[PDB]
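Just the heavy atoms: all of them, side chains too, but no hydrogens, waters or symmetry mates, feed the values below. In each ligand, atom 1 is the first atom listed, and ligand 1 is the first ligand listed. Throughout, protein chains are lettered first and strands after them, A, B, ... in sequence-line order, and every chain is numbered starting at 1.
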Amino acid sequence: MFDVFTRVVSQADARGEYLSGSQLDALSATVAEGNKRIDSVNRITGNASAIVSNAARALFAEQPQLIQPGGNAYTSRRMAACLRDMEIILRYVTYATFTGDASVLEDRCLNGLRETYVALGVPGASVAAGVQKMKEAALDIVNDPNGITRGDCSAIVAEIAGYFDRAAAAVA
Amino acid sequence: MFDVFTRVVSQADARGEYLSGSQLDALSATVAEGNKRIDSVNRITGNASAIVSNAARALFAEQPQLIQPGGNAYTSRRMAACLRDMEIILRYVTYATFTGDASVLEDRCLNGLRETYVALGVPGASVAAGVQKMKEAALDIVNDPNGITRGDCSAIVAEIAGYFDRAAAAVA
Amino acid sequence: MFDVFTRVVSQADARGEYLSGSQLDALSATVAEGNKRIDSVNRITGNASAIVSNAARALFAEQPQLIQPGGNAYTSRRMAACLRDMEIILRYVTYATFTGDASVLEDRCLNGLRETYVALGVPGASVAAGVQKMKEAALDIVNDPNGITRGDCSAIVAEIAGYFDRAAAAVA
Amino acid sequence: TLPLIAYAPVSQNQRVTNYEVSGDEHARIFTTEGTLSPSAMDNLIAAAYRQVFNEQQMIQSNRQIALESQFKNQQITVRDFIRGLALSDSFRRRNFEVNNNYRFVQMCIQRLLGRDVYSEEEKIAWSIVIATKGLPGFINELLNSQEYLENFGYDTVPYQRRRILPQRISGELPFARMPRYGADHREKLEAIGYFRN
Amino acid sequence: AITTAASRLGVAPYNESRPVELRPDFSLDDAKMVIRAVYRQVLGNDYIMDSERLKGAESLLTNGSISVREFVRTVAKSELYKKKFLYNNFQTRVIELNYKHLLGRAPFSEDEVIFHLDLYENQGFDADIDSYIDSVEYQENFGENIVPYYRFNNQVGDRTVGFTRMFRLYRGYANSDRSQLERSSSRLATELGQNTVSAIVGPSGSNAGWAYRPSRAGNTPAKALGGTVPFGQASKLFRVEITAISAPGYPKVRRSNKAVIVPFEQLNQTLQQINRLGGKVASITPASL
Amino acid sequence: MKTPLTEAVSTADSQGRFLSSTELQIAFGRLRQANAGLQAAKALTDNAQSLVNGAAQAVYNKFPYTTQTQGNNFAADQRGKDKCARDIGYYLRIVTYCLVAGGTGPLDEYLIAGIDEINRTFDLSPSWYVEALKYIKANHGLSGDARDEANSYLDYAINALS
Amino acid sequence: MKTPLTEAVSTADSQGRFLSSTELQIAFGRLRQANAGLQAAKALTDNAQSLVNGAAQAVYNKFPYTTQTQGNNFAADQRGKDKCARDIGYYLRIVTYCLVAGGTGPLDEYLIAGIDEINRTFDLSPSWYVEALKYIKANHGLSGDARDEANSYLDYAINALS
Ligand SMILES: *[C@H](C)[C@H]1/C(=C/c2[nH]c(/C=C3N=C(/C=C4\NC(=O)C(CC)=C4C)C(C)=C\3CCC(=O)O)c(CCC(=O)O)c2C)NC(=O)[C@@H]1C
Ligand SMILES: *[C@H](C)[C@H]1/C(=C/c2[nH]c(/C=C3N=C(/C=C4\NC(=O)C(CC)=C4C)C(C)=C\3CCC(=O)O)c(CCC(=O)O)c2C)NC(=O)[C@@H]1C
Ligand SMILES: *[C@H](C)[C@H]1/C(=C/c2[nH]c(/C=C3N=C(/C=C4\NC(=O)C(CC)=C4C)C(C)=C\3CCC(=O)O)c(CCC(=O)O)c2C)NC(=O)[C@@H]1C
Ligand SMILES: *[C@H](C)[C@H]1/C(=C/c2[nH]c(/C=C3N=C(/C=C4\NC(=O)C(CC)=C4C)C(C)=C\3CCC(=O)O)c(CCC(=O)O)c2C)NC(=O)[C@@H]1C
Ligand SMILES: *[C@H](C)[C@H]1/C(=C/c2[nH]c(/C=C3N=C(/C=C4\NC(=O)C(CC)=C4C)C(C)=C\3CCC(=O)O)c(CCC(=O)O)c2C)NC(=O)[C@@H]1C
Ligand SMILES: *[C@H](C)[C@H]1/C(=C/c2[nH]c(/C=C3N=C(/C=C4\NC(=O)C(CC)=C4C)C(C)=C\3CCC(=O)O)c(CCC(=O)O)c2C)NC(=O)[C@@H]1C
Ligand SMILES: CCC1=C(C)/C(=C/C2=NC(=C\c3[nH]c(/C=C4\NC(=O)[C@H](C)[C@H]4CC)c(C)c3CCC(=O)O)/C(CCC(=O)O)=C2C)NC1=O
Ligand SMILES: CCC1=C(C)/C(=C/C2=NC(=C\c3[nH]c(/C=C4\NC(=O)[C@H](C)[C@H]4CC)c(C)c3CCC(=O)O)/C(CCC(=O)O)=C2C)NC1=O
Ligand SMILES: CCC1=C(C)/C(=C/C2=NC(=C\c3[nH]c(/C=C4\NC(=O)[C@H](C)[C@H]4CC)c(C)c3CCC(=O)O)/C(CCC(=O)O)=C2C)NC1=O
Ligand SMILES: CCC1=C(C)/C(=C/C2=NC(=C\c3[nH]c(/C=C4\NC(=O)[C@H](C)[C@H]4CC)c(C)c3CCC(=O)O)/C(CCC(=O)O)=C2C)NC1=O
Ligand SMILES: CCC1=C(C)/C(=C/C2=NC(=C\c3[nH]c(/C=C4\NC(=O)[C@H](C)[C@H]4CC)c(C)c3CCC(=O)O)/C(CCC(=O)O)=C2C)NC1=O
Ligand SMILES: CCC1=C(C)/C(=C/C2=NC(=C\c3[nH]c(/C=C4\NC(=O)[C@H](C)[C@H]4CC)c(C)c3CCC(=O)O)/C(CCC(=O)O)=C2C)NC1=O
Ligand SMILES: CCC1=C(C)/C(=C/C2=NC(=C\c3[nH]c(/C=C4\NC(=O)[C@H](C)[C@H]4CC)c(C)c3CCC(=O)O)/C(CCC(=O)O)=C2C)NC1=O
Ligand SMILES: CCC1=C(C)/C(=C/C2=NC(=C\c3[nH]c(/C=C4\NC(=O)[C@H](C)[C@H]4CC)c(C)c3CCC(=O)O)/C(CCC(=O)O)=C2C)NC1=O
């Protein structure tokens, strides 16, 4: 996998060049963003089970065809699979937020998830709706101003929204 | 897996017949050529590291695109894998020379080699050029008059050249 | 395995109460000591190959019966095994210095090493002598005042010395 | 690296040819080569858990959820699932950290190769494979071992091999009996302050 | 075009072969060569005896009473074509056969199978055959005077799924469509319903692992969902497709063809175990990123 | 039993290598977090008795049926209340252990591992311990650096039980 | 490659869990040391040509036999000197990559893995590159945390070569 440092290191190694000064200033800017990034990771990690449960509950309330008898989230095994699918997608969104690059989310989460969901008959649109529900829950928790120092945090929120967009796009 | 006798055995059994006198005399001529075959195997084995190093140096002098950064032979892991592939191809060419049949070469080295090289992005024509450099070094070392008793070794050397050409054609 | 924090945590849990105030102050003093601990770990890691090479040279120059023909450090496999053994022991000494506790050293490296050396015919007294020479080299490079800010590192030096002494006592 | 030091094989029941009909005391083949129901896949995963972690560490915290999900989708073989069980954090902490290299080699040989160690010399030989290549290097050596393959291959949960001979009430002791740690870690836990009354 | 893999994939005898077009004032050998090309392409390289040679349609083509397009239509309406391809096959197999014969390419999407099967059941086989012949693609590719031919090369308006499914249909120059590994089974039902693509396996002779066909169930998927995580320390993952494992035996080997995802670090060993086994590697595809 | 230092050593042992600069940075972060972790553990050690008593009272306030109906798993008698106070004291003590150690390792080897069969065999609701740890989150009294470190372990036990 | 962040994610993900406080202070140590690492990479980028030329001259001074006698593996002619300067530039560039990334991951997947068969096949003495890296240790000109990070990557390449 790659993070925000080894991405430009790998590009510099393939180009055979050193890191230019603008790349070093961009990496220093990511270092300055890093404390806010750690807070975002901590908040989604702390409220991960609530995010997964509330997003699943909203998804099954909006789409009762999943939980109906004969549905795709019907019975215990398929429901446990759906709940751990939300758990894994949220976990890899936090991983991509932590690294500052989507490479862990691209490779170790979404590489073949659409084809798997098509092969099993899993509705990828419902998974995308659940990913959007985890988007709105996690972004509401990260943007909560209580119990944390103030500051501009729109960039890490936009990065998390982009990771959630990537998770929702790669399932349907 | 076959050698020079086992191939004739398999063909005769697939025809369900005893070996004719022409096949027995051809195998007797192969037994007569066997001492020169052992000499060729011994010379390429004894100068294998020199063949691999000189062939790699000639290949990367002719193709400096591989050792420049952004190239396939760049970095110590990929170059170590490249030299390992050079000595592996040389090892199975010596195995084919020893057996007198290319079943070990096409079954135990070139099986899936081109698919591996294409999936890795390894330039198969560059590996073929290195195989040709090993061919030139090996047919130089085997045809050296000094240090060995003289004789006609056209057939075994043509067989070694055929092994090197089917090694180069299986990666190109 | 444990570290300097989890040893205290495990003792407090096994006794069945919270950490006392003075125990927390001792752990805070360990935290303040941690920068010099990290400096010592970095120096031992940076000169580890020199420590192993020089200590092995001094060990086989002080006592020559190990490298004599018929000796234990004789033969290239057994010589590389002895150098690798010193490499491993120094590595777990570095690990125990890093954790602040000898749990990784005792559990991973020193547990059952004496009977293993007895069964292999490896002289544990010579291994202890080599461990003492690595102790001398490591305490020489940790207490080197050049290239670092000045300060008292008596407890770190004593801790590395105690790790080396219990490594030497576990084989003798 | 270095070649493994030679160790002599000690006669065990798996060394000789098995002149038996499988019958009662055969270890059931848990294989994915036949197409399975999700229930049968769950019993195969539980069999792999029972082989690697024993019955005790079959708890929910020790379940490898993503590894199970990838194994159901046939992203990995049974051998790769067994590797992932051996590379699991729970396995490393519970079994590897509480043992030295010798007893962990004995544990992994019993729970992966399905046979006991021949002597202390085999434990000695593979303990330096642990000490240089890490736990992943050692597990990989054991899982790429011809023994593992000729016995279980790629698509079969490993099992104790030839534990009991035909028409025998009792045979060799089962591999389940072996504890996470030996008496050394027992007395070390006793010395740190546990287990007393 | 296809140059390096043309010898492996069988494209090269069609790379040096130009399309056969009947001129408006054509010679007799031109009509005979259009006859031979139509019998090779539309009847899919089946051996054609003299009893089934369709002398009437040949005679109508020879004097220009029908065009090459009408000759292709007539030999596709014929009972010989129907007993070769229609009467003993699934309707998806018939649809992909008519796509390979009349249009020289594999069916692209599920909607083509939908359209042709619905039109067949609504209006029969002849109406369906006429729909392949009276298609805009047929006129912009062959028109009225050119024999249909296999179109491996990229054109305007094609799909890249059709390139892979073409070699799912084309199994070599020395091969007929009736003489393939799935004897009557459609090769694109699971490729068009799921909209998936299997890896291209070349024909015999050039490719040692030519005989890999996937099972109907219990197949390893193409992309590694998970990446390096089940394998510990790894960088890239590759799906290896392995053919004809028979060295241990039935208890050990249940299936000759096996597809597995293996890392870089296990790649040498995997290749070695295939060689030791005697297996043949069909294709190796990068499964991770 | 994972800390930054034990995870760093076990990782470098898993590749069988010495401690690179990555492991030293891991120990640097452990050092910069450890003083706030020890201060939070000391403050929870001082407030432990009132925190366990208030957490037990909040659990009985949100779940009155534990104090009303009979049962072995309920706190209707003094034995059940003593078991519940002992359970919440175990939770708070292992949270302080996580604060001292600097990771979820004390929770993962002392309380989290096997807690589902604890709650399933003895018919204990995980929501009771969720409410107790939510009271501990609400009234631990820590601020800033020690607050976010302590709430990380408290929320980790929430996500394990829910 | 091997960084604090990728080891933290790979650890928490082979463990199959969310990023706990341990991986968070792994990131904290990465942020604590990363600015000094980027400044060290900037300084080595600024002085790279002079450092590589001086390191090559130090190799030609301590080991003069690479200058007189012939052979492909020596720097007697112009192209051998060019490939020696290219090798030392590779070494210094991967040292800058390690200072950017915060670990020896660029060294491991770019230079350390496979360098033994490099030195054995083409008959390159590792002591030459050892002396080149000691010259880079002598005259890189960094101080403080930038110096100890840079020296750790150089000595990691020393310990691999020696
Ligand atoms: C009844 C005894 C008490 C009660 C029940 C209650 N259950 C749910 C929600 C779910 N129940 C299930 C269970 C199953 N799903 C299955 O497919 C199978 C196997 C066939 C089982 C056993 C599931 C999956 C859910 C959640 C998804 C869904 O809503 O369908 C709720 C709702 C919880 C919510 O948050 O929306 C309730 C209330 N509640 C009581 O008070 C009774 C004592
Ligand atoms: C001679 C061609 C050049 C030379 C040699 C030199 N060698 C050493 C040290 C060692 N050599 C070995 C080799 C072996 N030990 C074995 O058991 C076997 C297999 C039977 C072999 C091949 C070993 C192990 C050592 C080190 C241990 C020891 O001192 O015995 C040295 C000394 C190095 C030192 O630092 O003390 C030297 C000088 N040196 C030259 O200049 C010649 C060109
Ligand atoms: C919940 C939002 C929806 C849903 C989900 C559902 N998923 C599955 C099965 C699988 N999901 C995965 C995904 C992953 N496994 C991994 O390891 C990773 C990354 C580490 C991912 C992204 C996989 C592999 C499977 C198959 C293996 C398994 O079962 O665990 C199911 C089960 C389908 C079945 O019948 O077998 C379900 C139900 N279903 C819904 O309806 C929601 C829209
Ligand atoms: C009706 C009781 C059930 C049902 C049917 C349904 N079928 C399809 C699609 C197809 N069916 C076929 C079957 C055949 N192809 C042949 O050649 C032959 C014999 C000559 C048969 C019997 C095929 C090929 C298709 C694909 C083409 C198409 O899509 O029309 C569908 C639509 C597929 C889709 O889901 O998009 C449906 C709905 N569906 C039911 O619920 C009933 C149980
Ligand atoms: C018998 C009438 C015909 C025949 C058979 C033949 N078969 C093989 C080899 C194999 N057969 C299998 C079959 C199975 N795999 C499974 O999982 C199952 C069901 C559980 C079955 C039935 C397999 C896997 C092999 C290869 C492994 C092995 O050797 O056992 C051969 C040997 C071919 C060879 O050695 O390469 C033969 C001869 N041959 C005939 O001519 C009859 C028409
Ligand atoms: C309190 C919030 C509520 C409550 C609790 C209650 N708990 C038990 C019994 C047990 N609790 C545990 C928990 C742990 N043991 C551990 O070692 C650890 C880690 C350090 C934990 C978290 C266990 C093991 C038991 C059972 C064994 C025992 O009795 O000690 C009971 C008794 C259940 C019984 O049947 O005897 C009760 C009542 N009950 C309430 O009503 C509160 C809301
Ligand atoms: C190990 C557990 C642990 C964590 C996770 C942690 C994070 C952490 N976040 C910080 C800052 C911060 N965190 C934020 C984040 C935000 N501000 C907002 O208003 C948004 C709601 C939100 C985005 C989610 C900001 C803006 C800062 C100050 C800027 C900065 O330091 O980068 C700081 C600097 C010290 C401080 O001022 O508090 C730390 C140490 N410290 C720890 O010990
Ligand atoms: C990015 C990781 C990486 C490294 C480290 C690397 C090293 C490397 N150095 C090489 C050669 C070489 N290196 C030298 C170096 C020297 N000769 C001397 O006398 C000096 C004392 C000394 C310099 C310190 C020479 C002379 C060669 C040429 C060897 C030959 O052509 O035979 C080669 C052989 C291929 C080639 O000619 O390029 C490699 C692969 N390659 C890599 O991809
Ligand atoms: C069964 C017998 C057998 C074969 C046939 C074999 C080939 C083989 N070559 C490989 C890699 C490789 N091979 C090369 C070779 C070259 N790169 C170039 O630029 C040159 C043209 C060429 C040498 C002349 C390189 C650079 C790699 C590594 C590619 C990478 O790391 O991405 C790999 C990937 C796994 C590994 O690196 O170990 C395999 C399996 N291994 C075996 O065990
Ligand atoms: C175990 C190591 C070993 C080996 C390998 C070996 C080989 C060997 N090669 C021989 C002959 C020979 N070898 C050659 C080979 C050649 N002549 C040439 O001028 C070409 C340069 C070259 C082809 C590479 C010839 C022509 C003979 C004599 C004909 C024959 O004996 O077959 C002989 C017969 C005895 C003799 O006259 O020397 C032996 C024993 N003996 C050993 O003990
Ligand atoms: C990632 C690589 C890296 C490391 C390892 C590192 C260590 C490091 N060691 C320090 C201090 C120190 N290091 C020592 C150590 C010693 N003093 C002595 O005279 C003894 C010879 C020796 C014991 C071995 C002392 C005394 C201090 C100052 C006290 C302290 O900061 O704890 C400091 C504080 C900043 C400074 O004043 O330099 C750092 C950052 N920084 C980095 O970036
Ligand atoms: C199938 C036959 C069979 C059995 C039953 C068996 C028992 C058994 N109990 C174990 C642990 C244990 N067994 C107990 C049981 C108790 N602890 C107490 O205080 C109570 C007196 C008692 C409950 C009745 C406990 C607590 C452990 C955990 C030891 C530990 O992991 O630290 C272990 C080691 C756990 C492991 O390796 O992961 C085994 C093998 N082994 C076998 O082969
Ligand atoms: C509609 C969408 C679509 C796509 C995308 C497509 C890709 C495509 N690229 C091809 C060939 C090719 N593509 C390349 C490309 C490259 N070679 C290199 O070395 C570079 C890395 C690279 C340029 C970036 C080459 C060289 C060929 C010819 C291969 C051959 O000669 O066999 C072919 C073979 C068919 C033909 O060329 O006629 C296809 C089908 N076909 C489609 O229908
Ligand atoms: C590229 C040039 C080319 C080749 C090589 C070729 C081979 C070829 N041989 C075929 C059939 C056949 N080939 C044979 C041959 C034999 N049966 C035996 O028992 C004997 C051992 C053997 C004769 C020596 C038979 C019997 C069939 C018909 C099989 C059937 O329809 O059932 C078919 C099937 C289509 C058809 O029947 O026309 C092809 C394509 N076709 C070609 O266009």
Please tabulate, for the side chains in residues 264-275 of chain E, all donor-acceptor contacts under 3.5 angstrom to protein atoms that are two or more places apart in sequence or on a different chain.
unit_1	atom_1	unit_2	atom_2	d
E:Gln266	OE1	D:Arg83	NH1	3.2
E:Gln266	OE1	D:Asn144	ND2	3.1
E:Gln266	NE2	D:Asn144	OD1	3.1
E:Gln266	NE2	E:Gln269	OE1	3.4
E:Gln269	OE1	D:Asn144	ND2	3.0
E:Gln269	NE2	E:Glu265	O	3.0
E:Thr270	OG1	E:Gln266	O	2.6
E:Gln272	OE1	E:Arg276	NH2	2.7
E:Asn275	OD1	B:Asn111	ND2	3.4
E:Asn275	ND2	B:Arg108	O	2.6
E:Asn275	ND2	E:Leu271	O	3.3

Ligand 9 atoms in contact with [X] (distance to a heavy atom under 4.0 Å):
X	result
B:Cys109	5 (C)
B:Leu66	19 (O)
B:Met86	24 (C)

Please report whether ligand 9 has a polar contact with [X], defined as an N or O pair separated by less than 3.5 Å (distance criterion only).
X	result
B:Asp85	yes
B:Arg77	yes
B:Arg108	no
B:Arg84	yes

Inset, instruction - Determine whether any heavy atom of B:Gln63 lies closer than 4.0 Å to an atom of ligand 9. - result: no
Legend entry - Contact check, B:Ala81 vs ligand 9, heavy-atom distance below 4.0 Å: yes
Inset, instruction - Identify, by atom number and element, the atoms of ligand 13 in contact range of E:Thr4, meaning under 4.0 Å from any of its heavy atoms. - result: 32 (O)
Inset, instruction - Answer with yes or no whether E:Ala1 contacts ligand 13, where contact means a heavy atom under 4.0 Å from a ligand atom. - result: yes
Inset, instruction - Might you list the protein residues in contact with ligand 7, defined as having a heavy atom under 4.0 Å from one of its atoms, sorted by chain and number? - result: A:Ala32, A:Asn35, A:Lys36, A:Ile38, A:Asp39, A:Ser40, A:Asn42, A:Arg43, A:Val142, A:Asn143, A:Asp144, A:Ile148, A:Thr149, A:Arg150, A:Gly151, A:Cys153, F:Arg32, F:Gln33, F:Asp145, F:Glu149, G:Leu24, G:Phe28
Indicate every side-chain donor-acceptor pair of residues 278-289 of chain E with a distance under 3.5 Å to a residue at least two apart or in another chain.
unit_1	atom_1	unit_2	atom_2	d
E:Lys280	NZ	B:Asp107	OD1	2.4
E:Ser283	OG	E:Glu241	OE2	3.0
E:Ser288	OG	E:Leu237	N	2.7

Inset, instruction - Identify whether NZ of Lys or CZ of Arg in B:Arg78 sits under 6.0 Å from the centre of the six-membered ring of B:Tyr74 and within 45° of that ring's axis. - result: no
Inset, instruction - Establish, for the pair F:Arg30 and C:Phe5, whether the NZ or CZ atom is under 6.0 angstrom from the six-membered ring centre and no further than 45 degrees off its axis. - result: yes
Inset, instruction - Only pairs at least two apart or in different chains count here, so list each salt bridge (charged side-chain N to carboxylate O under 4.0 Å, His left out) that has a residue in residues 57-66 of chain B. - result: B:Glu62-B:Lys133
For ligand 9, note which part of [X] has a heavy atom under 4.0 Å away: side chain, backbone, both or neither.
X	answer
B:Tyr117	side chain
B:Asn111	neither
B:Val127	both
B:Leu59	side chain

Legend entry - Minimum side-chain heavy-atom gap F:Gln33-F:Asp145 below 4.5 Å: yes
Has the side chain of [X] got a donor or acceptor atom that lies under 3.5 Å from a matching backbone atom of [Y]?
X	Y	value
B:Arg114	B:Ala172	yes
F:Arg147	A:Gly147	yes
B:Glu87	B:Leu83	no

Tell me whether the centres of the aromatic rings in [X] and [Y] are closer together than 6.0 Å.
X	Y	value
A:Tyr95	A:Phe98	no
E:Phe167	E:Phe152	yes
G:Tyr90	G:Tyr110	no

Inset, instruction - Check the pair B:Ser126 / B:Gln63 against side-chain hydrogen bond (donor to acceptor under 3.5 Å, both in side chains), numbers first and verdict last. - result: CA-CA 8 Å; B:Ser126 298; B:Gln63 308 208 267; 3.1 Å; yes
Inset, instruction - Return a yes/no value for E:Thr3: is any of its N or O atoms, backbone included, closer than 3.5 angstrom to an N or O of ligand 13? - result: yes
Legend entry - B:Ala167 versus B:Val131, closest heavy-atom pair with distance: CB-CG1, 4.1 Å
